[PDB]
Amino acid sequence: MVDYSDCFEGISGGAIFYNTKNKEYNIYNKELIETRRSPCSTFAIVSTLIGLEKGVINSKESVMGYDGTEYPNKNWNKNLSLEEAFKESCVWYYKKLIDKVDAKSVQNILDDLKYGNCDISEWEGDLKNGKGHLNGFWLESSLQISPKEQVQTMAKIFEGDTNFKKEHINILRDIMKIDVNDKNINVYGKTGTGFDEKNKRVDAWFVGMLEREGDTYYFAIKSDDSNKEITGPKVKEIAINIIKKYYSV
């Protein structure tokens, strides 16, 4: 077990890195890394592949059709492409996408990916939050997955061990790339932000992979802090600092 607590600056959380080469896990906070939680918008990694496999989308430019709804997040207020929906965590785009897939197809794909509890029973999500259609089974609802299960899922997808087409995985890699001000390393990832009302803790995520020289690491960074200021973007900042201090040369 490793200690990346310095990069969390007192925020409650954990981190797990996996190298498919030597099959070794680098684990900070084992109990937290093994606890299942809602994936929130990190589910966009898998929903993007489901949409491509089923022909609901076909490229980084694919649009889903904007109905003119004025959302609080003004970055959602247009007919945005797959790459923009991924980067802006656009829930309306991904709900309209998954609504065009039979639950049985989603169930079979999650079961084959071993995506945590694979529970999509609350399809429409938790309507008790008053958000209406801005909800889904992957947003503080029935679907739950641990940080370790996220990295096991990432490894199977990007090492070619799933049924997804390599062409579709390459589209996902492209939209997952993030700029970290260091051409020597390639970082890919998706943020997730939610609040677990029952337990009064955030679900703040940054899930992805690091490609450095001759090594690839699949990673999941997670916070369960009490402070609602702790969001996916903040956990992404922590992830980049962990990568800079413990995964550089």
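The numbering used is simple: start at 1 and walk along the sequence shown.
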Highest mean C-alpha temperature factor of the two stretches 8-16 and 21-29, which is it? 21-29
Higher mean Cα B-factor in the deposited model: 217-225 or 181-189? 181-189
For the CA B factor values reported in this entry, which option in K114, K166, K96, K148 has the top one? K166
Could you check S121, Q152, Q107, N73 and tell me which one carries the biggest Cα B-factor in the deposited entry? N73
Chain thirds of CA B-factor: placement of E61: highest
Lowest, middle or highest third - CA B-factor, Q144: lowest
What third of the chain, by the recorded C-alpha B-factor, contains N199? middle
What third of the chain, by the recorded C-alpha B-factor, contains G136? lowest
